[PDB]
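Have a look at the structure below, then the notes.
2 protein chains.
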Amino acid sequence: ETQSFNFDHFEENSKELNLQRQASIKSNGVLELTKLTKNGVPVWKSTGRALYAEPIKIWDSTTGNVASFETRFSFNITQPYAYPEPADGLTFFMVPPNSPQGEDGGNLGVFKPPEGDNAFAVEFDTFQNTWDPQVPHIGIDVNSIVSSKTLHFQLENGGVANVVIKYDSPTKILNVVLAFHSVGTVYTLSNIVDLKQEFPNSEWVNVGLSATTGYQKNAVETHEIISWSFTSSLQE
Amino acid sequence: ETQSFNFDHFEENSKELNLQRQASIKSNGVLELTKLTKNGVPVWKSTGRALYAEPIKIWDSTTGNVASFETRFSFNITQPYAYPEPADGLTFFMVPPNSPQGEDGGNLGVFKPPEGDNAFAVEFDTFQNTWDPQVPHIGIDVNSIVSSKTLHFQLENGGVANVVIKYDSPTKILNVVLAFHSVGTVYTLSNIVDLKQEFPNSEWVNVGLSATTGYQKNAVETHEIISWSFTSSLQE
Ligand SMILES: *[C@@H]1O[C@H](CO)[C@@H](O[C@@H]2O[C@H](CO)[C@@H](O)[C@H](O)[C@H]2NC(C)=O)[C@H](O)[C@H]1NC(C)=O
Ligand SMILES: *[C@@H]1O[C@H](CO)[C@@H](O[C@@H]2O[C@H](CO)[C@@H](O)[C@H](O)[C@H]2NC(C)=O)[C@H](O)[C@H]1NC(C)=O
Ligand SMILES: CO[C@H]1O[C@H](CO)[C@H](O)[C@H](O)[C@H]1O
Ligand SMILES: CO[C@H]1O[C@H](CO)[C@H](O)[C@H](O)[C@H]1O
Ligand SMILES: [Ca+2]
Ligand SMILES: [Ca+2]
Ligand SMILES: [Mn+2]
Ligand SMILES: [Mn+2]
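Protein chains in written order, with the entry's author numbering: chain B, 1 to 236; chain A, 1 to 236.
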């Protein structure tokens, strides 16, 4: 009925977090989603994803009940330069098991252009593509990079962000709270999302974090995750 | 289309804030909702309310649109003693114009027993009455002191709390974020509320803060508001 996991820090070679592409783990006990320099020389078009080994069940076929979950994590985004404009963003996401990876850059390594991929994600977009509003912003992506609801927030460069994503099965209310404590700012964005109806092909989904850097040179930024807890609660 | 007000501090004798009962304004530029001692001797059964002079419009009869508002405020609750247990709580609330005052203590000076008063309020209950869950908790009161949704939170004694109450007319999603920055804690509670259906007798409502202390000696705490901004935005 309940699935949980908590990372107060990130230990190297954990049998719990399954890393992909540029994503590695710093000796610091930090999860680094995208490299800023590989082999001494600066790079771009970097993409890093990190999933949780076990599939989380979001709804029951027999019972017909949808899970309620809450996940929290701290991240640190540093944007070194002012020109060219930094990119692309960081994002929490849920996809069905054994599902293709998303494109780089703008799609945050989660979504693909042809309407094929089935995914959900809460994004922290730092770059304004053709479909984006002023950046940076918080976005609720339901099967598309185009957020169904967004919120502009002022990023604290190199500061520690505290995120909370809470979803209540009964009210189908997805909520996102972004707060920068070291400065006293809080951002809250919430919209209605019908999980059962949006992931009808798998009662199970993989949960993970992802980030990506620009397509040009220097259109990059750091994407570090400091901690990350999760917990679903499926009744019935 | 838009009504706003902001108090980065509280000036004495402002023509924008109709104070009621025990509620006064300290010289430090703080709004003190309930006195802990009057003239030198300790007291209880204290009740303080503070409204905003102008009525805020929440919905339009003709167009049919409901307003969307967001209000933030910082408060400081200090509970001096451990026995007897402290009471009662602090709360943001909306009532129709020219409406009666609620009862002391448990009703937070907002609601009355006989189902007569029409009101809404986000409460920060510090005392567990017969209808309450473990305290302290955040509660969403829709026409009753019995919250339709609640959330237990650990209070930081004498610390500054940052509250955010955001309501989105289109999704009818009421959200409450309570965060104690000095410690790194965030609490988020959200439930669905149909403002237009819950205040059908007045397109207008008075907005205000309120607090109350126990019914017994020493079952008291301080209720200070440091800042408080609001903003509705009714389309059409
Ligand atoms: C946020 O991320 C930046 C980038 O990783 C951190 O800055 C780096 O600090 C390390 C020391 O641990 C240096 O070796 C790097 O050269 C720094 N990078 C840059 C671009 O300056 C920063 O320390 C992080 N902030 C926190 C609080 O963890
Ligand atoms: C909350 O308000 C209370 C009441 O003013 C503050 O507590 C006082 O703290 C001062 C020290 O600055 C003492 O001199 C008083 O004796 C305290 N009063 C009581 C009743 O204990 C408290 O510091 C405020 N909290 C914050 C974060 O400012
Ligand atoms: C013009 O857009 C392209 O380059 C920027 C960097 O400048 C971002 O990487 C974006 O996602 C990509 O599509
Ligand atoms: C037994 O309850 C009564 O006393 C406590 C204090 O002990 C509170 O004031 C409460 O609101 C009131 O109804
Ligand atoms: Ca983007
Ligand atoms: Ca109570
Ligand atoms: Mn976006
Ligand atoms: Mn209560």
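In this text, a Cβ means the ideal position worked out from N, Cα and C, and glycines have one as well.
Among the residues of chain B, those whose CB is under 8 Å from the CB of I192(A) are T171, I173, following chain order.
Distance from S210(B) to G109(B) at the Cβ level is roughly 5 Å; contact confirmed, criterion being Cβ atoms closer than 8 Å. Listed along the chain, the chain B residues whose CB falls inside 7 Å of the CB of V177(A) are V177, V186, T188. Within the stretch 146 to 210 of chain A, the complete alpha helix (DSSP H) segments at least 4 residues long are 195 to 198, listed from N- to C-terminus. When secondary structure is reduced to three states using DSSP, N218(A) falls in the coil class, being assigned neither helix nor strand.
Between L234(B) and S61(B), the C-beta gap is not smaller than 9 Å, which leaves the two residues out of contact.
If you draw a straight line from the Cα of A53(B) to the Cα of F73(B), it comes to about 17 Å.
At least one heavy atom of ligand 6 falls within 8 Å of the beta-carbon of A87(A).
Counting only the Cα atoms, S144(A) lies some 12 Å from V95(A). Below the 7 Å Cβ cutoff, chain B contributes no neighbours of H137(A), its closest Cβ being approximately 16 Å away.
The residue from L31(B), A50(B), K196(B), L174(B) with its alpha-carbon nearest to that of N18(B) is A50(B).
Contacts with chain B (Cβ-Cβ distance below 8 Å) from the stretch 4 to 35 of chain A involve no residue at all. Contact annotation: the stretch 124 to 133 of chain B touches the stretch 81 to 94 of chain B, with at least three C-beta pairs closer than 8 Å. The three-state secondary structure of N18(A), taken from DSSP, is coil. A residue is called buried when at least 16 other Cβ atoms come within 10 angstroms of its Cβ; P133(A) does not meet this threshold and is exposed. Within 7 Å of the CB of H181(A), the CB atoms of chain B belong to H181, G184, in sequence order along the chain. Relative to ligand 3, the beta carbon of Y215(B) is positioned inside 8 Å of a heavy atom. Relative to ligand 1, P80(B) has its C-beta within less than 8 Å of a heavy atom. Check the Cα spacing between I56(B) and each of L195(B), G139(B), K45(B): the tightest is with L195(B). Under the 9 Å criterion on CB atoms, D125(A) is classed as non-interfacial with respect to chain B.
In the three-state reduction of the DSSP assignment, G105(A) falls in the helix class, which pools H, G and I.
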